[PDB]
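The structure under discussion appears below in the form of structure tokens.
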Amino acid sequence: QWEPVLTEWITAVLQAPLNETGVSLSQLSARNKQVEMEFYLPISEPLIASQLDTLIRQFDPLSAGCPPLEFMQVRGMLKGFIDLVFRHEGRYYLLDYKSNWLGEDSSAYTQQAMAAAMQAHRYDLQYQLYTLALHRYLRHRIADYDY
Amino acid sequence: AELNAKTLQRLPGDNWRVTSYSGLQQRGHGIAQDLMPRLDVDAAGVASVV
Amino acid sequence: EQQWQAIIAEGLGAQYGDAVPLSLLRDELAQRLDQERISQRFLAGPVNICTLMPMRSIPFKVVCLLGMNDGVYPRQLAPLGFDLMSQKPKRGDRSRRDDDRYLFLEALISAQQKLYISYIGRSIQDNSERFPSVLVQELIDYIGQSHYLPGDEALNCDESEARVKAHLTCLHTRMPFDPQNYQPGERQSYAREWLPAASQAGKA
Amino acid sequence: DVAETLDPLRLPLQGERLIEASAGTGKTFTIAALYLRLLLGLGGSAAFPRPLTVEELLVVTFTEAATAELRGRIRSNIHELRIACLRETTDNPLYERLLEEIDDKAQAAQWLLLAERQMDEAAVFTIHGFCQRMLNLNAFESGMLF
Amino acid sequence: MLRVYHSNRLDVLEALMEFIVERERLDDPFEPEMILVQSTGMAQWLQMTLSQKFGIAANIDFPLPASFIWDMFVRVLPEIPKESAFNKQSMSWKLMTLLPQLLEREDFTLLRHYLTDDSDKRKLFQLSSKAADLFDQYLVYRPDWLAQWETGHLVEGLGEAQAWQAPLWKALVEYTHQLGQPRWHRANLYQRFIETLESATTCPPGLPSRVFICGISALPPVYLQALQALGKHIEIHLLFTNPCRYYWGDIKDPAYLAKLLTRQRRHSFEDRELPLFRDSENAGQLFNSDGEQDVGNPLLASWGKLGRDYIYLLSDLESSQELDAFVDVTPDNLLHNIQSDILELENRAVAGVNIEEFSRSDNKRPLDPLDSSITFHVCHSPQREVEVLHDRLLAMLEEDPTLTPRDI
Amino acid sequence: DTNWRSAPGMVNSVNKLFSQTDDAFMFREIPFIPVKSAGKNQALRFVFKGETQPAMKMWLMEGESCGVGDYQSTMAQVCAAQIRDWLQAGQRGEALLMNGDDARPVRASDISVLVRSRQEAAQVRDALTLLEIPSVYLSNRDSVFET
Ligand SMILES: [Ca+2]
């Protein structure tokens with residue numbers, strides 16, 4: 001008895017306009033989709049929580065809510081799964097489906113409420129990290145690529 | 001009893017680990033990211049009269 | 001929930017008509033759950049304690065083998081008996097015996113700097129003696145048959161051999177607070193914790 | 001009635017034989033001997049039709065520590081009698097009386113080499129290990145669960 | 001081409017894989033770099049090793065061999081269902097609806113009684129499985145057996161049980177048809193696969209660019225051939241880590257021997273091979289009728305049993321192009337000495353076949369009481385055994401620095 | 001026929017005892033045939049505070065009647081005494097196990113008290129322990145949990 005609600009829920013999210021010119025999951029064919037990408041970003045020279053908080057600040061207005069540096073020095077690797085990475089014949093993207101909230105209804109999924117839970121779970125980091133990976137990967141694959 | 005125990009002159013120093021945006025999410029996911037590598041680790045909780 | 005769904009969907013796939021008794025599923029859910037292994041921490045926070053996995057012979061500087069006792073390492077299991085294929089073998093075939101034995105070899109081969117070999121020499125009860133897995137026997141036996149200590153250069157094959165095997169073989173103590181573990185030399189313990197008791201420095 | 005003073009090397013390795021190993025009579029030294037004979041098919045008229053493999057000489061003891069020791073003692077005797085086959089010379093009892101019965105020290109050395117590397121599968125189990133083993137192999141006849 | 005690389009250490013083979021990737025840029029439309037592997041461990045070792053000597057590792061697929069071969073079947077051949085309808089699982093179920101009917105046949109009399117005395121689908125399900133398990137196996141080792149049984153024919157020389165397995169198999173195939181499921185197994189499909197690839201000598205229909213095979217010291221005869229034919233339109237880099245540089249396997253016809261006297265090329269330089277002109281083949285190596293009556297080193301003799309088979313099957317391929325990548329092992333340690341022997345296929349064991357040999361002892365190698373590589377420890381119990389290790393790990397950590405814990 | 005492992009004096013005493021009556025094991029089907037003691041052992045002997053002792057020695061309580069009670073309090077006592085007697089006389093090199101012209105002082109590790117049940121063991125362990133002679137019941141089944 002969840003099929004109606006669900007079958008209607010999925011589509012609504014598919015034919016949903018991403019940023020601006022066109023872009024909507026439903027417009028993505030197999031060839032332009034790569035699901036669940038697993039990456040490994042080596043990290044030499046200890047990554048200090050504080051040292052990273054600085055630059056993360058200057059460039060990101062989101063990470064302006066500066067509680068950060070909640071982890072401690074780490075040398076090694078950096079695992080990570082990317083729910084989805086696709087291309088709108090021009091560029092590549094980072095999609096992460098996030099099922100969360102019990103926060104009643106709609107009013108909690110507004111451009112404000114969302115950017116709130118963002119720092120709440122410090123997902124912002126996920127961004128910078130994930131993209132830093134796609135960067136390294138695309139640069140690696142696309143022989144002579146630009147950001 | 002003419003004994004004594006070797007005492008190592010080395011030190012811990014550095015620690016090589018393989019983290020993963022887990023340097024963030026505080027534990028509880030202990031053995032969780034182990035049993036299900038792709039579990040929706042971003043969610044958790046109970047539900048009620050909603 | 002994954003395994004449960006799996007086990008059921010699979011049965012539906014092959015279109016099973018008749019009904020199913022719980023036992024069937026529980027007993028299977030059990031088995032699967034018994035085989036599902038967790039090893040996500042294999043190469044991050046160092047020092048990996050594990051089992052000999054076939055098709056995973058990575059090179060390490062240090063390789064330690066523990067519990068290489070007879071009846072324990074070359075892991076067994078007899079073919080179904082009605083597995084035709086096992087009576088009339090062929091070049092492609094595979095069996096655990098073969099897999100494990102070639103595993104022990106992959107260790108030696110993969111150990112770049114140090115090979116550590118250990119087995120249990122006696123049960124702390126009837127004190128009867130136990131034995132090292134034949135594989136380990138085939139190793140020191142080869143060592144002794146192709147080496148000789150500096151001192152002993154003119155004595156005998158068998159005699160020079162013994163001294164070698166005996167020299168590499170190290171008989172440990174029953175308790176960690178045994179003083180032998182605290183004199184000077186071969187593996188002086190790094191555990192001062194026991195030192196006082198090892199030196200009978202107690203106060204009744 | 002009244003048994004023949006047992007001479008291991010001359011015992012007829014063919015069907016039904018009862019051996020009384022009195023108090024500390026070297027029951028173990030006997031078993032090993034008889035084991036080797038069998039492997040190399042030695043003996044003579046009191047020998048066995050053909051040579052047997054490690055995985056054909058069934059030995060059942062009652063204890064667990066028993067089969068361990070029995071299995072241990074044998075791998076050793078084999079490694080020796082085999083070596084004492086490459087040197088074609090031995091100066092330690094049993095073995096010598098054995099080489100005199102050997103006709104091709106060079107072959108026995110080979111045959112034995114296999115017996116050596118085969119020991120991690122020697123058919124030396126306990127009464128109980130033998131059972132569940134035959135059972136689990138012939139499951140249909142025993143109506144056993146896999 | 002089906003390139004076969006024999007190396008001494010996984011490192012060099014990882015190296016060659018590292019280079020193969022830096023060279024041909026590979027396309028990049030989210031095309032997953034492929035590496036057949038048989039243990040998560042490898043996948044992790046490679047992933048990390050590669051993320052380093054490149055700054056990142058992202059796509060890479062680690063399909064198991066069996067899952068690769070079938071992947072291609074779907075690609076090459078016409079309309080092959082993803083996932084066979086004869087997979088070990090579904091087989092168990094289909095076999096559970098069948099067996100009950102197949103009883104009381106005289107054929108299955110043995111099962112007929114085994115299943116009666118009692119049950120509640122417990123005995124029936126273990127059988128339906130151990131059966132499906134076997135079939136799943138016969139579909140790889142003896143895939144011709146089925147094509148035989150499918151038509152009712154038996155195969156001369158097999159134990160009984162074929163008495164019931166053979167019918168049962170014919171029975172499963174017929175039943176799966178009525179169900180309306182893709183008749184295609186893995187046996188009735190490998191022959192065709194090769195034929196359509198071995199022929200159609202035109203071009204690669206649209207498969208992957210390059211493929212690697214890392215850390216798998218064993219593959220089925222059929223999977224190799226399947227890869228062989230595939231290695232005519234695709235680049236197959238099979239990285240086999242071999243314990244000996246010379247050939248240590250057995251031989252077929254004294255006619256097949258000279259066809260082995262070929263040579264392996266260095267991945268970058270040119271040609272090499274086994275020692276001693278003819279004498280080698282002669283002497284005792286591949287004596288009487290058997291195989292290498294000497295297999296040089298006695299350790300590699302009784303252990304590598306699995307290796308021989310795989311190495312022997314690799315050198316029985318035609319479209320192959322094996323090549324050396326063996327790195328030396330200077331004999332300074334006891335470990336290095338032994339490791340060296342195994343590499344050069346030589347036996348330094350001394351038996352003392354003669355009083356000349358047996359009396360002196362300086363013919364063997366000098367030990368060095370100070371040598372700690374390869375040590376032996378006898379303990380009273382697992383606890384004790386672990387407490388002791390922790391001590392010596394500590395020791396050998398103290399000993400030489402550079403030794404981080406991950407190296408143990 | 002040959003009994004390696006044991007002293008001539010012993011094998012002779014055991015054979016004599018079990019040769020008394022016919023069918024000592026009282027079962028015509030379980031006859032007792034003596035055994036020849038091995039030559040390599042012909043040198044074995046046990047000397048104490050002077051000369052060599054008999055392979056077998058029977059200690060007989062006095063009196064006409066005797067309850068199971070007595071023949072334990074008194075036998076354990078006796079046994080106990082003879083143990084410390086060998087031991088003490090052992091440190092003084094007067095208790096020796098000799099193979100012809102070789103010898104060594106008997107040590108606790110050389111004495112052994114066979115028993116039929118837990119109690120009997122205790123009975124012994126006590127009279128022993130009463131003489132500061134430490135012991136260990138090899139057939140102990142108690143668990144670490146009721147200590
Ligand atoms: Ca997500």
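A note on labels: chains of the structure tokens are A, B, ... as shown, every chain counts residues from 1, and ligands are counted from 1 in their shown order.
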Spatial neighbours of residue 25 in chain D, max dist 7 Å, only C-alpha atoms, sep filter under 3 positions, as a short mmCIF file (atom, residue, chain, number, x, y, z; two decimals) with C-alpha atoms, in the first residue's frame:
```
data_model
loop_
_atom_site.label_atom_id
_atom_site.label_comp_id
_atom_site.auth_asym_id
_atom_site.auth_seq_id
_atom_site.Cartn_x
_atom_site.Cartn_y
_atom_site.Cartn_z
CA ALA D 21 50.90 -56.22 23.72
CA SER D 22 51.49 -56.93 27.41
CA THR F 2 59.99 -58.64 25.83
CA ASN F 3 59.22 -55.95 28.40
CA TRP F 4 61.41 -52.97 27.57
#
```
Closest pair table for chain D residues within 7 Å of chain E, only C-alpha atoms, as JSON lines:
```
{"residue": "D:86", "atom": "CA", "partner": "E:353", "partner_atom": "CA", "distance": 5.8}
{"residue": "D:87", "atom": "CA", "partner": "E:353", "partner_atom": "CA", "distance": 4.6}
{"residue": "D:117", "atom": "CA", "partner": "E:302", "partner_atom": "CA", "distance": 6.7}
{"residue": "D:140", "atom": "CA", "partner": "E:114", "partner_atom": "CA", "distance": 5.3}
{"residue": "D:143", "atom": "CA", "partner": "E:114", "partner_atom": "CA", "distance": 5.2}
{"residue": "D:145", "atom": "CA", "partner": "E:123", "partner_atom": "CA", "distance": 6.7}
{"residue": "D:146", "atom": "CA", "partner": "E:126", "partner_atom": "CA", "distance": 7.0}
```
Those selected residues, please, written with N, CA and C atoms and delivered as a PDB file, in the first residue's frame.
```pdb
ATOM      1  N   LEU D  86      68.337 -43.848   1.200  1.00  0.00           N
ATOM      2  CA  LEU D  86      69.172 -43.047   0.314  1.00  0.00           C
ATOM      3  C   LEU D  86      70.639 -43.309   0.627  1.00  0.00           C
ATOM      4  N   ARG D  87      70.917 -43.644   1.883  1.00  0.00           N
ATOM      5  CA  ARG D  87      72.276 -43.943   2.316  1.00  0.00           C
ATOM      6  C   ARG D  87      72.529 -45.439   2.181  1.00  0.00           C
ATOM      7  N   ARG D 117      55.153 -36.704   2.727  1.00  0.00           N
ATOM      8  CA  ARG D 117      54.335 -35.548   2.376  1.00  0.00           C
ATOM      9  C   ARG D 117      52.844 -35.840   2.415  1.00  0.00           C
ATOM     10  N   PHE D 140      23.715 -41.310   2.216  1.00  0.00           N
ATOM     11  CA  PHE D 140      22.479 -41.953   1.792  1.00  0.00           C
ATOM     12  C   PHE D 140      22.192 -43.230   2.576  1.00  0.00           C
ATOM     13  N   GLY D 143      21.570 -42.372   6.246  1.00  0.00           N
ATOM     14  CA  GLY D 143      20.487 -41.434   6.478  1.00  0.00           C
ATOM     15  C   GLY D 143      20.957 -40.292   7.359  1.00  0.00           C
ATOM     16  N   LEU D 145      22.696 -36.322   7.967  1.00  0.00           N
ATOM     17  CA  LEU D 145      22.524 -34.975   7.432  1.00  0.00           C
ATOM     18  C   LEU D 145      23.903 -34.529   6.988  1.00  0.00           C
ATOM     19  N   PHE D 146      23.976 -33.812   5.873  1.00  0.00           N
ATOM     20  CA  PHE D 146      25.262 -33.339   5.376  1.00  0.00           C
ATOM     21  C   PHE D 146      25.835 -32.290   6.317  1.00  0.00           C
TER      22      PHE D 146
END
```
Next on the checklist: Write out as a PyMOL selection string the set of residues from chain F that DSSP, computed on the backbone, places in strand (DSSP E or B).
Outcome noted: chain F and resi 2-3+36-37+44-48+52+95-99+102+105
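Take CA of residue 92 in chain C and CA of residue 309 in chain E: the distance between them is 6.6 Å.
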List every residue of chain E that has an atom at most 6 Å from any atom of chain C, and for each one report the closest atom pair and its distance in Å to one decimal, counting only C-alpha atoms, with rows sorted by chain and then by increasing residue number, as CSV.
```
residue,atom,partner,partner_atom,distance
E:38,CA,C:55,CA,5.6
E:39,CA,C:56,CA,5.8
E:42,CA,C:56,CA,5.8
E:90,CA,C:14,CA,5.0
E:93,CA,C:11,CA,5.9
E:94,CA,C:14,CA,5.8
E:161,CA,C:82,CA,5.9
E:216,CA,C:55,CA,5.3
E:220,CA,C:92,CA,5.3
E:221,CA,C:92,CA,5.6
E:303,CA,C:102,CA,5.2
E:304,CA,C:102,CA,5.1
E:306,CA,C:98,CA,5.8
E:309,CA,C:91,CA,5.3
E:348,CA,C:146,CA,5.4
E:349,CA,C:146,CA,4.5
E:350,CA,C:145,CA,5.3
E:358,CA,C:157,CA,5.3
E:359,CA,C:156,CA,5.0
E:360,CA,C:154,CA,4.8
E:361,CA,C:153,CA,5.1
E:362,CA,C:153,CA,4.9
E:364,CA,C:147,CA,4.9
E:365,CA,C:147,CA,4.7
E:366,CA,C:148,CA,5.3
E:367,CA,C:149,CA,4.9
E:373,CA,C:114,CA,4.4
E:374,CA,C:115,CA,4.3
E:375,CA,C:116,CA,5.3
E:376,CA,C:169,CA,4.5
E:377,CA,C:118,CA,4.6
E:378,CA,C:171,CA,5.0
E:379,CA,C:120,CA,4.8
E:380,CA,C:122,CA,5.4
E:381,CA,C:120,CA,5.9
E:391,CA,C:189,CA,5.9
E:405,CA,C:46,CA,4.9
E:406,CA,C:46,CA,3.8
E:407,CA,C:61,CA,5.3
E:408,CA,C:62,CA,4.5
```
Print the selection's residues with C-alpha atoms to a file, as a PDB file, in the first residue's frame.
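What ended up in out-v3.pdb:
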```pdb
ATOM      1  CA  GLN E  38      39.439 -13.207  -6.274  1.00  0.00           C
ATOM      2  CA  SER E  39      39.556 -11.658  -2.801  1.00  0.00           C
ATOM      3  CA  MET E  42      43.519  -7.708  -3.312  1.00  0.00           C
ATOM      4  CA  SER E  90      17.759 -21.092  -8.152  1.00  0.00           C
ATOM      5  CA  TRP E  93      14.984 -24.599  -5.443  1.00  0.00           C
ATOM      6  CA  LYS E  94      14.126 -26.069  -8.842  1.00  0.00           C
ATOM      7  CA  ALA E 161      25.691 -41.352  -8.404  1.00  0.00           C
ATOM      8  CA  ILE E 216      44.711 -15.284  -9.055  1.00  0.00           C
ATOM      9  CA  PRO E 220      39.595 -23.109 -14.951  1.00  0.00           C
ATOM     10  CA  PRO E 221      40.764 -24.634 -18.269  1.00  0.00           C
ATOM     11  CA  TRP E 303      53.349 -27.518  -1.886  1.00  0.00           C
ATOM     12  CA  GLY E 304      52.881 -25.741  -5.208  1.00  0.00           C
ATOM     13  CA  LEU E 306      48.074 -26.005  -7.315  1.00  0.00           C
ATOM     14  CA  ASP E 309      48.389 -27.097 -12.804  1.00  0.00           C
ATOM     15  CA  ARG E 348      70.549 -27.360  -1.396  1.00  0.00           C
ATOM     16  CA  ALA E 349      69.416 -30.099   0.985  1.00  0.00           C
ATOM     17  CA  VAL E 350      72.143 -32.563   1.970  1.00  0.00           C
ATOM     18  CA  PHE E 358      77.826 -37.008   5.072  1.00  0.00           C
ATOM     19  CA  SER E 359      80.921 -36.561   7.271  1.00  0.00           C
ATOM     20  CA  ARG E 360      81.781 -32.879   6.712  1.00  0.00           C
ATOM     21  CA  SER E 361      79.150 -30.199   7.201  1.00  0.00           C
ATOM     22  CA  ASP E 362      80.666 -27.096   5.628  1.00  0.00           C
ATOM     23  CA  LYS E 364      75.809 -26.580   3.443  1.00  0.00           C
ATOM     24  CA  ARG E 365      75.385 -22.810   3.803  1.00  0.00           C
ATOM     25  CA  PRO E 366      76.730 -20.969   6.891  1.00  0.00           C
ATOM     26  CA  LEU E 367      73.866 -20.023   9.214  1.00  0.00           C
ATOM     27  CA  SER E 373      64.405 -14.167   9.666  1.00  0.00           C
ATOM     28  CA  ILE E 374      62.349 -17.356   9.868  1.00  0.00           C
ATOM     29  CA  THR E 375      62.060 -18.206  13.558  1.00  0.00           C
ATOM     30  CA  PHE E 376      60.132 -21.024  15.244  1.00  0.00           C
ATOM     31  CA  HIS E 377      58.066 -20.775  18.436  1.00  0.00           C
ATOM     32  CA  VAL E 378      56.510 -23.525  20.538  1.00  0.00           C
ATOM     33  CA  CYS E 379      53.962 -22.389  23.124  1.00  0.00           C
ATOM     34  CA  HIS E 380      51.638 -23.880  25.743  1.00  0.00           C
ATOM     35  CA  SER E 381      48.423 -22.192  24.590  1.00  0.00           C
ATOM     36  CA  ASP E 391      56.726  -9.318  22.466  1.00  0.00           C
ATOM     37  CA  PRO E 405      52.790  -1.825  11.862  1.00  0.00           C
ATOM     38  CA  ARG E 406      50.872  -2.106   8.565  1.00  0.00           C
ATOM     39  CA  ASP E 407      53.853  -4.095   7.286  1.00  0.00           C
ATOM     40  CA  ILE E 408      53.042  -6.952   9.638  1.00  0.00           C
TER      41      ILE E 408
END
```
Do me a favour and pick out the residues of chain A within 12 Å of chain C, using only C-alpha atoms, as a PDB file with N, CA and C atoms, in the first residue's frame.
```pdb
ATOM      1  N   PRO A  42      44.821   9.402  -1.460  1.00  0.00           N
ATOM      2  CA  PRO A  42      45.927   9.285  -0.512  1.00  0.00           C
ATOM      3  C   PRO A  42      46.093  10.625   0.182  1.00  0.00           C
ATOM      4  N   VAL A  74      45.540  12.872  10.849  1.00  0.00           N
ATOM      5  CA  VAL A  74      45.453  11.582  10.171  1.00  0.00           C
ATOM      6  C   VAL A  74      46.272  11.512   8.880  1.00  0.00           C
ATOM      7  N   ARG A  75      47.113  10.486   8.785  1.00  0.00           N
ATOM      8  CA  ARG A  75      47.940  10.245   7.606  1.00  0.00           C
ATOM      9  C   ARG A  75      47.423   8.960   6.973  1.00  0.00           C
ATOM     10  N   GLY A  76      47.445   8.880   5.645  1.00  0.00           N
ATOM     11  CA  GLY A  76      46.983   7.664   5.002  1.00  0.00           C
ATOM     12  C   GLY A  76      46.167   7.783   3.729  1.00  0.00           C
ATOM     13  N   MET A  77      44.939   7.279   3.793  1.00  0.00           N
ATOM     14  CA  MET A  77      44.027   7.283   2.657  1.00  0.00           C
ATOM     15  C   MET A  77      42.706   7.957   2.989  1.00  0.00           C
ATOM     16  N   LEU A  78      41.818   8.018   2.001  1.00  0.00           N
ATOM     17  CA  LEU A  78      40.506   8.618   2.196  1.00  0.00           C
ATOM     18  C   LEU A  78      39.430   7.934   1.366  1.00  0.00           C
ATOM     19  N   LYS A  79      38.784   6.941   1.969  1.00  0.00           N
ATOM     20  CA  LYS A  79      37.712   6.211   1.311  1.00  0.00           C
ATOM     21  C   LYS A  79      36.530   7.132   1.082  1.00  0.00           C
TER      22      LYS A  79
END
```
Checklist entry - Of the candidates C:107, C:197, C:8, C:52, which shows the shortest atom-to-atom distance to chain B, using only C-alpha atoms? => result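 Under the stated criterion, the closest residue is C:197.
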Item to check | Residue list for chain B near chain A as a list in words, 6 Å, only C-alpha atoms | outcome: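 Per the criterion, chain B yields residues 16, 17, 18, 19, 20, 23 and 43 of chain B.
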Compute the set of chain B residues within 10 Å of chain C, using only C-alpha atoms, and express it as a compact mmCIF listing (two decimals) with N, CA, C and O atoms, in the first residue's frame.
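selection_11.txt written:
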```txt
# COMPACT_ATOMS: atom_id res chain seq x y z
N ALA B 1 67.38 -13.55 42.35
CA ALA B 1 66.59 -12.89 41.30
C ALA B 1 67.29 -11.71 40.63
O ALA B 1 67.05 -10.55 40.97
N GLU B 2 68.15 -12.01 39.66
CA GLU B 2 68.89 -10.99 38.92
C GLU B 2 68.22 -10.75 37.57
O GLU B 2 68.80 -11.04 36.53
N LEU B 3 67.01 -10.21 37.58
CA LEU B 3 66.27 -9.99 36.35
C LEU B 3 65.93 -8.54 36.04
O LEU B 3 66.24 -7.63 36.81
N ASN B 4 65.28 -8.35 34.89
CA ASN B 4 64.84 -7.05 34.41
C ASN B 4 64.16 -7.25 33.05
O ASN B 4 64.43 -8.22 32.35
N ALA B 5 63.27 -6.33 32.69
CA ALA B 5 62.53 -6.43 31.44
C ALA B 5 62.91 -5.39 30.40
O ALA B 5 62.88 -4.19 30.66
N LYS B 6 63.25 -5.87 29.20
CA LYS B 6 63.60 -4.99 28.10
C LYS B 6 62.62 -3.84 28.10
O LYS B 6 61.45 -4.01 28.43
N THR B 7 63.11 -2.66 27.73
CA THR B 7 62.29 -1.47 27.68
C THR B 7 62.55 -0.83 26.32
O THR B 7 63.65 -0.34 26.07
N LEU B 8 61.55 -0.84 25.45
CA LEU B 8 61.70 -0.29 24.10
C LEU B 8 61.92 1.22 24.03
O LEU B 8 61.17 2.01 24.60
N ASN B 15 50.51 7.90 13.00
CA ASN B 15 49.51 6.85 12.90
C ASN B 15 48.90 6.84 11.51
O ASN B 15 48.23 7.79 11.09
N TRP B 16 49.15 5.77 10.77
CA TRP B 16 48.60 5.66 9.43
C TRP B 16 47.25 4.97 9.52
O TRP B 16 47.16 3.84 10.00
N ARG B 17 46.22 5.65 9.06
CA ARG B 17 44.88 5.10 9.05
C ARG B 17 44.24 5.45 7.72
O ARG B 17 44.79 6.23 6.94
N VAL B 18 43.08 4.87 7.48
CA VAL B 18 42.34 5.13 6.26
C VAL B 18 40.98 5.62 6.71
O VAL B 18 40.07 4.82 6.97
N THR B 19 40.85 6.93 6.84
CA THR B 19 39.59 7.52 7.27
C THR B 19 38.66 7.72 6.08
O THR B 19 38.97 7.31 4.97
N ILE B 31 31.55 -0.94 13.89
CA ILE B 31 31.20 -2.25 13.34
C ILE B 31 30.06 -2.10 12.33
O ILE B 31 29.73 -3.03 11.60
N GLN B 33 29.90 0.37 9.82
CA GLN B 33 30.47 0.64 8.50
C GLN B 33 31.26 -0.60 8.09
O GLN B 33 31.85 -0.66 7.01
N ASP B 34 31.26 -1.59 8.98
CA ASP B 34 31.96 -2.86 8.77
C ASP B 34 31.02 -3.94 8.23
O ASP B 34 31.33 -4.63 7.26
N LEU B 35 29.86 -4.07 8.87
CA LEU B 35 28.86 -5.06 8.46
C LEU B 35 28.15 -4.68 7.17
O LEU B 35 27.79 -5.54 6.37
N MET B 36 27.93 -3.38 6.99
CA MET B 36 27.26 -2.87 5.80
C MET B 36 28.04 -1.65 5.32
O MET B 36 27.80 -0.53 5.77
N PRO B 37 28.99 -1.86 4.40
CA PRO B 37 29.81 -0.78 3.85
C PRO B 37 29.02 0.34 3.16
O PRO B 37 29.49 1.46 3.05
```
Pull out every residue of chain D that has at least one atom within 10 Å of chain C, counting only C-alpha atoms, and report them as a JSON list (two decimals) with N, CA and C atoms, in the first residue's frame.
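Output below, filename result21.json:
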```json
[["chain", "number", "residue", "atom", "x", "y", "z"],
["D", 65, "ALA", "N", 44.81, -37.56, 21.84],
["D", 65, "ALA", "CA", 46.24, -37.39, 22.03],
["D", 65, "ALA", "C", 46.92, -38.63, 21.46],
["D", 66, "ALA", "N", 46.18, -39.73, 21.45],
["D", 66, "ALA", "CA", 46.69, -40.99, 20.93],
["D", 66, "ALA", "C", 47.00, -40.84, 19.44],
["D", 68, "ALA", "N", 47.36, -38.38, 17.71],
["D", 68, "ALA", "CA", 48.35, -37.33, 17.48],
["D", 68, "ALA", "C", 49.75, -37.94, 17.57],
["D", 69, "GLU", "N", 50.01, -38.63, 18.68],
["D", 69, "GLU", "CA", 51.30, -39.27, 18.92],
["D", 69, "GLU", "C", 51.60, -40.37, 17.89],
["D", 71, "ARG", "N", 50.33, -40.61, 14.94],
["D", 71, "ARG", "CA", 50.54, -39.93, 13.67],
["D", 71, "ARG", "C", 51.92, -39.30, 13.66],
["D", 72, "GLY", "N", 52.35, -38.82, 14.82],
["D", 72, "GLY", "CA", 53.66, -38.19, 14.93],
["D", 72, "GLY", "C", 54.77, -39.21, 14.81],
["D", 75, "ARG", "N", 55.27, -40.38, 11.04],
["D", 75, "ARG", "CA", 55.91, -39.48, 10.08],
["D", 75, "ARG", "C", 57.41, -39.54, 10.29],
["D", 116, "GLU", "N", 55.67, -39.52, 3.27],
["D", 116, "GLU", "CA", 56.07, -38.44, 4.14],
["D", 116, "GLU", "C", 55.15, -37.24, 3.94],
["D", 117, "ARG", "N", 55.15, -36.70, 2.73],
["D", 117, "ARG", "CA", 54.34, -35.55, 2.38],
["D", 117, "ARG", "C", 52.84, -35.84, 2.41],
["D", 118, "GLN", "N", 52.49, -37.10, 2.61],
["D", 118, "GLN", "CA", 51.09, -37.49, 2.66],
["D", 118, "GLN", "C", 50.52, -37.51, 4.08],
["D", 119, "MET", "N", 51.40, -37.64, 5.06],
["D", 119, "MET", "CA", 51.00, -37.72, 6.46],
["D", 119, "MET", "C", 49.93, -36.76, 6.97],
["D", 120, "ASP", "N", 49.81, -35.57, 6.38],
["D", 120, "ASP", "CA", 48.79, -34.64, 6.86],
["D", 120, "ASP", "C", 47.41, -35.14, 6.43],
["D", 121, "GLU", "N", 47.35, -36.43, 6.11],
["D", 121, "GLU", "CA", 46.12, -37.06, 5.67],
["D", 121, "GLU", "C", 46.14, -38.55, 6.02],
["D", 133, "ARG", "N", 33.11, -40.25, 9.82],
["D", 133, "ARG", "CA", 33.82, -40.03, 8.57],
["D", 133, "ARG", "C", 33.21, -40.92, 7.49],
["D", 134, "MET", "N", 33.07, -42.21, 7.79],
["D", 134, "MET", "CA", 32.47, -43.14, 6.85],
["D", 134, "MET", "C", 31.03, -42.71, 6.65],
["D", 136, "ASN", "N", 29.41, -39.69, 7.08],
["D", 136, "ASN", "CA", 29.29, -38.49, 6.27],
["D", 136, "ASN", "C", 29.71, -38.63, 4.82],
["D", 137, "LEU", "N", 30.25, -39.79, 4.46],
["D", 137, "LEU", "CA", 30.69, -40.00, 3.09],
["D", 137, "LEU", "C", 29.60, -40.79, 2.37],
["D", 138, "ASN", "N", 29.03, -41.74, 3.09],
["D", 138, "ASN", "CA", 27.99, -42.60, 2.57],
["D", 138, "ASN", "C", 26.65, -42.19, 3.17],
["D", 139, "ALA", "N", 26.44, -40.87, 3.24],
["D", 139, "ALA", "CA", 25.23, -40.27, 3.81],
["D", 139, "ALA", "C", 23.91, -40.96, 3.48],
["D", 140, "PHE", "N", 23.72, -41.31, 2.22],
["D", 140, "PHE", "CA", 22.48, -41.95, 1.79],
["D", 140, "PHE", "C", 22.19, -43.23, 2.58],
["D", 146, "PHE", "N", 23.98, -33.81, 5.87],
["D", 146, "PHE", "CA", 25.26, -33.34, 5.38],
["D", 146, "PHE", "C", 25.84, -32.29, 6.32]]
```
